[PDB]
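Written out below as structure tokens is the structure these notes cover.
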Amino acid sequence: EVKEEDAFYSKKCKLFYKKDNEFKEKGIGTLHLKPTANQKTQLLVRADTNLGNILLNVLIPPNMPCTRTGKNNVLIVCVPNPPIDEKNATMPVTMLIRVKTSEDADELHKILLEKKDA
């Protein structure tokens, strides 16, 4: 039987932001998608390491572009919280999520589209 959990979509993955035409590992952790007080979806990512620190906590906006790269890779434009850049703080940054199975990637991208739809 399937256990109960707040987050409907939970899978391990690695975050990576684009800085100076390069990708830097933000921090290994697991993504947790769960509904918020509002009709919107809240995005949260817990650190894989023992230390349970928030890697990225933001709210899926109404307008968000999607970019599916490779087979098991996924890219999305969103505001990093906390923000890495001080000047571009307001402006979002490119983030890439590398999953274990190319299957998880597709699903992850698909869901998002639906989440942003409503």
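Following the order of the structure tokens, first chain is A, next is B, and so on, with residues numbered from 1 inside each chain and ligands from 1 in the order they appear.
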Which residues come within 12 Å of segment 23-32 of chain A, counting only C-alpha atoms, excluding same-chain residues fewer than 2 positions away, as a PyMOL selection string?
-> chain A and resi 5-21+34-35+41-58+75+80-84+93-100+104+108
Please identify all polymer residues within 10 Å of residue 40 of chain A, counting only C-alpha atoms, omitting same-chain residues fewer than 3 positions from it, and present them as a ChimeraX atom specification.
-> /A:34-37,43,59-62,115-118
Report the residues of chain A whose backbone DSSP state falls under strand (DSSP E or B), written as a VMD selection string.
-> chain A and resid 9 to 18 23 to 35 41 to 47 54 58 to 59 66 to 67 73 to 78 93 to 98
Correct to one decimal, the distance atom CA of residue 112 of chain A-atom CA of residue 69 of chain A is 15.1 Å
Which is closest to residue 91 of chain A among A:78, A:2, A:110, A:72, if we use only C-alpha atoms?
-> A:78
When DSSP works through the backbone of this structure, what residues of segment 17-106 of chain A end up as helix (DSSP H, G or I), shown as a PyMOL selection string?
-> chain A and resi 102-106
